[PDB]
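Peer 1: PDB entry and its sequence, pasted below:
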Amino acid sequence: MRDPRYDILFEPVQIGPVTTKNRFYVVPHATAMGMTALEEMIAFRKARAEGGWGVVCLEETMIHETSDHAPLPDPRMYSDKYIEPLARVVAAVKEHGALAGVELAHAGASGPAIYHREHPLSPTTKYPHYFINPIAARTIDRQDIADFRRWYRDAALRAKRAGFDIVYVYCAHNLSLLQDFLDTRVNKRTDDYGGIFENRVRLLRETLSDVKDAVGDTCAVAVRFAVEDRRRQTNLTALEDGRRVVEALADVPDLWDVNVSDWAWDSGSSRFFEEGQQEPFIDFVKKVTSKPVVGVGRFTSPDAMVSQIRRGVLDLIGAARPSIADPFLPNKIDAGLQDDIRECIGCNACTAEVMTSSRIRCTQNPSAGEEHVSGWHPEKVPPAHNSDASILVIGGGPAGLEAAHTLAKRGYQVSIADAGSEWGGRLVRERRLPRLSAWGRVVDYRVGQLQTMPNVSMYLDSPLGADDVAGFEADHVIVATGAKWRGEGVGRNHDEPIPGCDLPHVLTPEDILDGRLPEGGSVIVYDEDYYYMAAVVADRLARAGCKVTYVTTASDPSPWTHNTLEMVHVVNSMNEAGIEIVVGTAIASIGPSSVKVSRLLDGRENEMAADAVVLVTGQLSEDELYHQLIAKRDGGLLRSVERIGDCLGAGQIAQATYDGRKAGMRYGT
Ligand SMILES: Cc1cc2nc3c(=O)[nH]c(=O)nc-3n(C[C@H](O)[C@H](O)[C@H](O)COP(=O)(O)O)c2cc1C
Ligand SMILES: Nc1ncnc2c1ncn2[C@@H]1O[C@H](COP(=O)(O)OP(=O)(O)O)[C@@H](O)[C@H]1O
Ligand code: SF4
């Protein structure tokens, strides 16, 4: 069944004293389930072993109480009581013949060490990089350095006892004491661990050697290493210290795991990166080391993956997000079913939950982080109770499509109707806005699976009244009629219409989605939504030749993007396009050719010229038909009716897919 062009992806690879059955490798990625939610972690990782990944890796595994990103729950290996708990994780992974790796981590000056109210560590005192907590990262003694190597070595020993095949030395993401020691912007020491490169690399070398001596006979020792830091010009570049660290340690480890420093550049959103964007930065690594190299590039194309290997860029196809979206990517290629891959769209909604220290989710794969909590599998569904039962789904958005898909798979008779000429509801027009193109795979994935199933009927020019739905006499109606952007500026900090909101120069995202743009001149985009829709309209408008000012009541542009790791890229994008950024500012009133605004801190007022105004403040549900159907139910017709997605409540597309799956699994129980 497998096309032999992919044979190379399934060759085993020797990684020190162990071997992986294939080249599909799941790189360390946090799930925000810790020791506190073992079953979540177990069920999560099991699915990726089940799906045929040759290595499945545990995320940053804390080696000591002085290292956490609290309140994010992480694995821990700083105490023997954690061995048996993690042995279960290993067992659920090694069961399907995947290897089991663990990213042993010490966060240095990247976390507040709050869980055990401890002092975080640094080569040189500073507040933590990503935390405002009033706790300083302390300058460490030589005796503290000796203790740190003890912790690493001892955590490596604990990992061996747990049965991990691959034990990491972590120097990446600016979330490592080792990277802090490397970085001249952080290390200001004047002893033998500071000054010239030999001194700055000493801690990374001395650690790596200790772990190799500790567990190297039977466990492979991996290094995860940021070759370039793209955050600021710290001089940790692939040409400089990135290249030097490799050269110095080139054939010391059994595996080089290599990426770019700062998460926002590593887990690059599809708005700003495409596949194998890291190639230029890690390209050099295989010329320096004889050792197997694993890299990442949001790899989704099997031909991209083949090419990465053939052209000598990588030995191993590194993945996090692709493995989240399709735990089964490996088993589908192996079955000649690469057409059925569920492709990551790079929305970083997985990132967002994890950076609000909550359980992981996926826009594409609702099962991600629900394996234990809900009993949801990536591919398998319970058989349809009474297969002859029929369901009418009203709405061609991601909610509708996910419900139809899910019911179809269980084996039910499924009809789906939409009023438009193209499947995707809100995504028909959203996917055509600048840098939102990849989000169309939410629609494509589901259409392509649905239209090859004989139990599914797809009607694409079918606006339905309440009469039409009764007539059809389905056993169950799901209403997924989506929502609309409203235009009175109400939805977050305004309960009351903004004065002048009904002036004809005032627009909503609906107009921009329909390509009805102001001809030119100045335009104010007012963001009370705090996600991508306002930043995206701004981009669209600047590119049409309008002078855009982006205005929010929030302290930061598009606040939620702190969590999708897009803030720094949206801002840089806006600076480059000469899009004005105004913050901590509300609109008092809208006049014919200007808006009055107020600064929130102190109420300093201002007039801004504005030939047009886009209000991005929230969505209102299209739920009339759903209420007509409940009112309509006389006992005779439509006894079973539910609503799902934006028509139930507005939210990110991930929520439309979650509702869709939930309806699909709950029906008939
Ligand atoms: C939700 C999430 C959690 C992550 N957690 C970690 C982590 O704990 N340690 C780490 O080194 N990298 C982490 N990463 C980075 C990934 O390992 C990977 O390097 C990055 O996502 C690029 O690969 P991709 O394009 O396949 O996602 C995480 C990424 C995501 C999306
Ligand atoms: N009465 C109706 N009959 C058919 N399709 C409808 C009806 N009312 C709304 N729709 C369609 O349903 C879809 C709503 O989906 P969407 O806005 O993407 O929301 P969601 O995120 O909930 O899926 C749109 O294509 C919309 O035009
Ligand atoms: S959430 Fe968006 S990004 Fe994270 S995995 Fe699912 S699809 Fe890829």
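Peer 2: Right, received. Where do you want to start? Numbering: from 1, shown residues only. Ligands and ions are numbered 1, 2, ... in the order given.
Peer 1: quick one: the closest residue to residue 221 other than its chain neighbours from residue 315, how far?
Peer 2: Of all residues not flanking residue 221 in the chain, residue 212 sits nearest, at 4.9 Å (CB to CB, 6 or more residues apart in numbering). The C-beta positions use only the backbone N, C-alpha and C, and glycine is treated the same way. Plainly put, residue 212 is 19 Å away from residue 315 if you go by CB to CB, to the nearest Å.
Peer 1: didn't the residue nearest to residue 221 look like it was pressed against residue 252?
Peer 2: Yes. Between residue 212 and residue 252 a contact is recorded at 7.1 Å, counting by CB atoms under 8 Å.
Peer 1: past the longest helix along the chain, which element shows up next along the chain?
Peer 2: Of all the segments of type helix in the chain, defined by DSSP state H, the longest one is helix 142-162. Downstream of helix 142-162, the first helix or strand assigned by DSSP states H and E is strand 166-171.
Peer 1: now for that next one, which elements pack on it?
Peer 2: Using 3 or more CB pairs under 8 Å, 6 or more residues apart in numbering; DSSP states H and E, the elements in contact with strand 166-171 are strand 55-62, strand 99-105, helix 142-162, helix 177-182, helix 197-215, strand 220-229.
Peer 1: about what we covered before: if you count surrounding residues, which of residue 212 and residue 252 has more?
Peer 2: For residue 212 and residue 252, the more surrounded residue by other CB atoms under 10 Å is residue 212, and the numbers stand at 20 against 17.
Peer 1: for that one, what are its contacts?
Peer 2: Going by CB atoms under 8 Å, 6 or more residues apart in numbering, residue 212 touches 221, 252-253.
Peer 1: residue boundaries of the helices in the stretch 351-500 of the chain?
Peer 2: 398-410, 426-430, 441-450, 466-472 (DSSP state H, counting those that start in this stretch).
Peer 1: I'd assumed residue 414 was in contact with residue 408.
Peer 2: Yes. Here residue 408 reaches residue 414: they are 4.8 Å apart, a contact under CB under 8 Å.
Peer 1: looking at these two, which is more packed in?
Peer 2: Using other CB under 10 Å, the more surrounded residue of residue 408 and residue 414 is residue 414, with 28 against 25.
Peer 1: tell me what that one is bridged to.
Peer 2: Counting by DSSP bridges, residue 414 is bridged to residue 391, residue 456.
Peer 1: separation between residue 358 and residue 530?
Peer 2: Counting by CB to CB, the gap from residue 358 to residue 530 is 17 Å.
Peer 1: same check, this time on residue 644
Peer 2: Distance from residue 644 to residue 530, by CB to CB: 24 Å.
Peer 1: nearest to residue 444, of the helices and strands packed on strand 166-171?
Peer 2: Smallest distance to residue 444 across the helices and strands packed on strand 166-171 (CB to CB): 27.6 Å, for strand 55-62.
Peer 1: can you list the residues of the stretch 351-500 of the chain near ligand 2?
Peer 2: Contacts of the stretch 351-500 of the chain with ligand 2, taken as CB under 6 Å from any ligand atom, map to 394-400, 417-420, 425-426, 463-464, 480-483.
Peer 1: right, I mislabeled it, should have said the chain
Peer 2: 394-400, 417-420, 425-426, 463-464, 480-483, 622, 625, 645-647, 656.
Peer 1: ranges for the strands of the stretch 401-550 of the chain?
Peer 2: 413-417, 456-459, 476-479, 483-485, 506-507, 522-527, 547-552 (DSSP state E, counting those that start in this stretch).
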